[PDB]
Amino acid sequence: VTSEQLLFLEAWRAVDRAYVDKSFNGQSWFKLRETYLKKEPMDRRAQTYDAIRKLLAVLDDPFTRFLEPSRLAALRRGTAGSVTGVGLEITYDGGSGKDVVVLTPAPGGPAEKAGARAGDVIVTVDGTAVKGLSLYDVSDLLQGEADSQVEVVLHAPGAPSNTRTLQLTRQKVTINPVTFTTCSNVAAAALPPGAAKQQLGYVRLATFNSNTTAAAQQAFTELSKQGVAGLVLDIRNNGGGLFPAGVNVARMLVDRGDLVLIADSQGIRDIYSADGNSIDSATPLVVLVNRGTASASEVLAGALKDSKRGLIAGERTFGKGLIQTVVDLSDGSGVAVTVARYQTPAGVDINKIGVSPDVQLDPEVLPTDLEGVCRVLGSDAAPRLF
């Protein structure tokens, strides 16, 4: 057994042990391993890399890929530079014919500005058809020199005809995780049953990152302090990002019971529950969501709904429920692998299904800016949130 063969095996093993589906997409994982060891050239590192890649492909899971030591490192050093993008976070389609689609059009970003919406299929990036490419490959296409341009062609799902050809200028897009306000003189159409007052606390979590937690905490604390009659938690177009932030937020609102299950073809492998340490467990709550509501955000929504902590209003969410992790190799290289799936507290997959609203509403109706928000809520055509 050579060093190179030993390395290929670390990769094969990473999947053998961690993969989400222990039937390996109806393939004999073990048979593959032996076959490859006998048939695939692996005398030089570069070739062992090709072998791993070839191996990973049989699973037919676009999220599962191999990463070379440099790319891994660079992923890691990540976010920094004059490297800029177009305000687009991506993922693959919720039922894979293939497709790379928009996950999140960053608020006030180029893509956003141009009309790109969550869920839109990306056909090409500067002439190259992106279908089936690694998300890493795609990110690279969209990324580039500061203030430079790139052509993105997209179409609405199921309408390859209805395409739009975006000419985008690459620029850093700073984003804020949390904003909130108190809306006063709120219309009644918008108040929870029996509101002592016409005031709603509004909390906008546009993103789940490392800053979300502290800002959300503070927000709920103040609002509770003010005794608003109801809370509006807006997670529309929030790609999810940081899972832990999603859980911390949910613990702020739900004081007991289960929040989210981590499952695979084995059964439940892990679970996250309330820790009892909430900020507000009593003010009536409504959560705004939409098709751009994904991953950690959907976990939050699911927890709020299933526990009966709040109603869900808007339109069904993204349905992005897979969990990928990177397994590092001795190499310094790594295998990004899908290892689990989020399920709601009720035992339902987030993947494909998403979170469904209790109050079906046009998710467009409400603005995202504080002023505009209070304006629509305190008005004649204020949405019937509750």
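Counting begins at 1, following the sequence as shown.
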task = On mean C-alpha B-factor from the PDB entry, just flag whether 37-45 or 334-342 is the higher one.
result = 37-45
ask   = Per the PDB record, is the mean Cα temperature factor higher over 278-286 or over 91-99?
value = 91-99
key: Options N209, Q199, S265, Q218 - largest CA temperature factor per the record   = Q199
task = Among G241, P193, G227, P110, single out the one with the highest C-alpha B factor in the record, please.
result = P193
key: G26 by Cα B-factor - lowest, middle or highest third of the modelled chain   = highest
query = Is the Cα B-factor recorded for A11 in the lowest, middle or highest third of its chain?
reply = middle
query = Going by the entry, which third of its chain does the Cα temperature factor of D120 land in?
reply = middle
query = How does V376 rank on Cα B-factor within its chain, lowest, middle or highest third?
reply = middle
ask   = What third of the chain, by the recorded C-alpha B-factor, contains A188?
value = highest
